[PDB]
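Some notes on the structure that comes next.
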Amino acid sequence: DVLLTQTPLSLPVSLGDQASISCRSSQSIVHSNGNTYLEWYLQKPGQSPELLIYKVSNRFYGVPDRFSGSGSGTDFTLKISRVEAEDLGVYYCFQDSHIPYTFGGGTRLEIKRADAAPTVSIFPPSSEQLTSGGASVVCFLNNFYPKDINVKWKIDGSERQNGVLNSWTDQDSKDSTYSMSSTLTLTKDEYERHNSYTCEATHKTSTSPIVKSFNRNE
Amino acid sequence: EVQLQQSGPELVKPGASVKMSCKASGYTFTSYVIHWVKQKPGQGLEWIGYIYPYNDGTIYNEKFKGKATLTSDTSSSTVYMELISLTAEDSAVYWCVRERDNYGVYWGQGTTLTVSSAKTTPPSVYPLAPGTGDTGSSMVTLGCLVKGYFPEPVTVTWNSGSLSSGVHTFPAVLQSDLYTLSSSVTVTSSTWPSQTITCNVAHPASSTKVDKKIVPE
Amino acid sequence: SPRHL
């Protein structure tokens, strides 16, 4: 097969700045008719891919001129000028000069906005969940940047590491932030043998953690 | 308007087979080939092959010969992909996509295939309301915890979609053959609890819809 | 000419 190798894997770029990503092929991809059928697609989070560039350098219908493609031989480049928030997602190069058609491995474009601290909210187990014998404490850490963040759970002031499950959203195309959900799950029995439940969020935006807590004894 | 409409999500046991459909409308069905594309987490995008409805001619990625079979039925304007001898490696989102013209490239909405011996399990939907005695003005964040279901997908909306901004629905995570997902919504304090806030959870695999109104604790 | 995506 024609192998397409994309670099970098991910690329943080601020709004208004230029992004440049490379696609390298394992062989020449000149079709028998003389054309080089290398394409660039953008797949935004949760959507199907959108075609940006075809035949190396031609802009597809409805694609702005700040997307430009170049290359020949085995080296191809997509340049994105004056990046906008809606440009985030995974960019793929693609070839149909040879069967089987193949995709590159993708390059994730990340919008580098100004740092933002999370809004943190803590939630005790629902009464419904307690009737099934389980107990989940949830902390949402919402609309922050950059993505890296650390959540520490404490039960009665002692750090708890077992039973934590964390999940991050994709980058938001409107405000360029991330959000994450942290769920600490215990049995109902163990939950009712303790008083205080705390999630502490440590983030680049401050040297002190953001602390949200509740006491079962209220 | 060109539309490709794919069949719903599927859970199939290893070793069995599945057939997925892609119904085309809004153009001359025999004029364009339809491709199938595999999107497996961690593995980018992969082209499987295409079928030309005009004459049922097919071109396959050699990797999927003996795995995928494409067929076409012009009288119903539908193409199909059948996958046999399924393994966990076949778990993926599968897209159909119509050969482009000058106006666009036309993708179906995708079909999520899970290959597993684990059992379909409906979700438990838990309301997330602030604890008693805390916070105040001027916004309030609520949520729903959707726990213990299998397989994917689950969809979550808030107030039947009327609440769309300020919503964060978090990707599900699989533990011990059951998924857990959560969704938060942030509204002005003047909205809740004065007006109703309800998370709507749908789990097609178990034929389940749950509405959970968020009530103060 | 390839049948494009």
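Those sequence lines, one after another, are chains A, B and C. According to the working numbering, the first sequence is numbered sequentially starting from 1. According to the working numbering, the second sequence is numbered sequentially starting from 1001. According to the working numbering, the third sequence is numbered sequentially starting from 2001. The C-beta atom is built at its ideal place from N, Cα and C for all residues, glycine as well.
Taking the Cα positions, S1160 of chain B is about 6 angstroms away from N1200 of chain B.
Contact annotation: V138 of chain A and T187 of chain A have beta-carbon atoms that are not nearer than 8 angstroms. Counting only residues of its own chain and dropping the five nearest sequence neighbours on each side, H203 of chain A has a CB closer than 7 angstroms to the CB of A117, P118, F144, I149. For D1 of chain A, the nearest beta carbon of chain C is not closer than 8 angstroms to its own beta carbon. Within chain C, the residues whose beta carbon sits less than 7 angstroms from that of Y37 of chain A are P2002, listed in sequence order. Taken atom to atom, the span from the alpha-carbon of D1090 of chain B to that of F103 of chain A is near 18 angstroms.
Closer than 8 angstroms to the CB of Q171 of chain A there is not a single CB belonging to chain B. By the Cβ neighbour-count rule, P1216 of chain B is exposed, with fewer than 16 other Cβ atoms within 10 Å of its own. A contact is defined here as three or more CB-CB pairs under 8 angstroms, and the region 38 to 52 of chain A meets this definition with respect to the region 73 to 88 of chain A. Its chain contains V2, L3 as the residues whose beta carbon lies nearer than 7 angstroms to that of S26 of chain A, once the 5 sequence neighbours on both sides are disregarded; these appear in chain order. When 7 angstroms is used as the limit between beta carbons, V1033 of chain B is near these residues of chain C: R2003, in chain order.
Sequence-distant Cβ neighbours of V1210 of chain B in its own chain, meaning closer than 6 angstroms and more than five residues away, are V1125, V1201. Between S167 of chain A and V1093 of chain B, the C-beta gap is not smaller than 8 angstroms, which leaves the two residues out of contact. For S167 of chain A, the enclosing beta strand (DSSP E) begins and ends at 164 to 168.
Proximity of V1105 of chain B to chain C, defined by a Cβ-Cβ separation below 8 angstroms, is satisfied.
Excluding residues up to 5 positions away in sequence, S28 lie with their Cβ nearer than 7 angstroms to the Cβ of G73 of chain A in the same chain. Taking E1099 of chain B as reference, the option from B:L1011, B:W1047, B:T1157, B:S1206 with the minimal CA-CA separation is B:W1047.
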